[PDB]
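J.: One structure, as structure tokens, below. Some questions next.
What follows draws every value from the coordinates through simple rules; no lab data is involved. Every residue, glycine as well, gets a Cβ built from its backbone with ideal geometry; the counts of neighbours run over all protein chains shown.
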Amino acid sequence: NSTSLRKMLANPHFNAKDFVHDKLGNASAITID
Amino acid sequence: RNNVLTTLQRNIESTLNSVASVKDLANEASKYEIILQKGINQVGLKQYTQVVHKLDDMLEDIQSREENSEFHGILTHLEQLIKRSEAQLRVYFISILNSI
């Protein structure tokens, strides 16, 4: 969901950049690639 | 549209590395001990200074991470290459600013 994730979350960094490593941070490094 | 760059592409281009991994920054930071140890005039203005934004911005979310050994070693390699770069900068400042 790079529209929702990329557009809607971290394009203006609202919310912060570490929560993407936290709220989406459970063994999903394939989806981070 | 300059605001579309300056708001969306600004913090988008900032939060590119919102999560980014641990070893790769050591790899390309070491490749910036390749390129940052090529001098200034070989490398060039926003080439050199923007690579300083790449280690500046590679020391970036690591305060946001956690304490392993690669954390402290990459803090050493990063910040000492940073101050090598900064010394080289002010050297070049003074180098032309009494070229008169």
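J.: Residues being basic (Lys, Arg) and more than 8 Å from chain B (Cβ to nearest Cβ): count how many of those fall in chain A.
T.: The number of residues fulfilling the criteria is 2.
J.: Which of the residues spanning region A:14-33 are more than 10 Å from the chain's Cα centre (by Cα) and closer than 18 Å to residue B:7 by Cα?
T.: A:14, the sole residue that qualifies.
J.: Please go through region A:1-28 and pick out each residue that is part of a helix (DSSP H, G or I) and loosely packed, with under 10 Cβ neighbours inside 10 Å.
T.: Correct list: A:3, A:4.
J.: I've got another one for you. I need a count of the residues in region B:1-47 that are of a type in the set (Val, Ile, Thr), surrounded by fewer than 12 Cβ atoms within 10 Å (Cβ to Cβ) and over 27 Å from residue A:6 (Cα atoms).
T.: Adding up the residues that qualify gives 1.
J.: Tally the residues that are in a loop (DSSP other than H, G, I, E, B) and more than 8 Å from chain A (Cβ to nearest Cβ), restricting the search to region B:11-33.
T.: 2
J.: What are the pairs with Cβ atoms under 9 angstrom where one residue, in region B:60-72, is within 14 Å of chain A (Cβ to nearest Cβ) and the other, located anywhere, is among the polar types (S, T, N, Q) and in a loop (DSSP other than H, G, I, E, B)? Sequence gap at least six, or different chains.
T.: B:61/B:18; B:64/B:18
J.: Of the residues that sit in region B:46-100 and are assigned to a helix (DSSP H, G or I), over 16 Å from residue B:23 (Cα atoms) and β-branched (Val, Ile, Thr), which one is farthest from the chain's Cα centre (by Cα)?
T.: By that ranking, first place goes to B:96.
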